[PDB]
Amino acid sequence: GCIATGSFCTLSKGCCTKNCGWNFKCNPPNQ
């Protein structure tokens, strides 16, 4: 499982997109 994008992350790794913003939410690639 991963963290859904738009959800709070602790690490970008956890996010399906492998990208989490500085706002601590998983973001899409190239944003």
# chains A, B, ... in the order shown; residues from 1 in each chain; ligands from 1
$ residues_around --residues "residue 14 (chain A)" --least-positions-apart "3" --cutoff "7 Å" --atoms "only C-alpha atoms" --output "list in words"
residues 2, 3, 9, 11 and 18 of chain A
$ residues_around --residues "residue 13 (chain A)" --least-positions-apart "3" --cutoff "12 Å" --atoms "only C-alpha atoms" --output "list in words"
residues 1, 2, 3, 4, 5, 9, 10, 16, 17, 18, 19, 20, 21, 24, 25, 26 and 27 of chain A
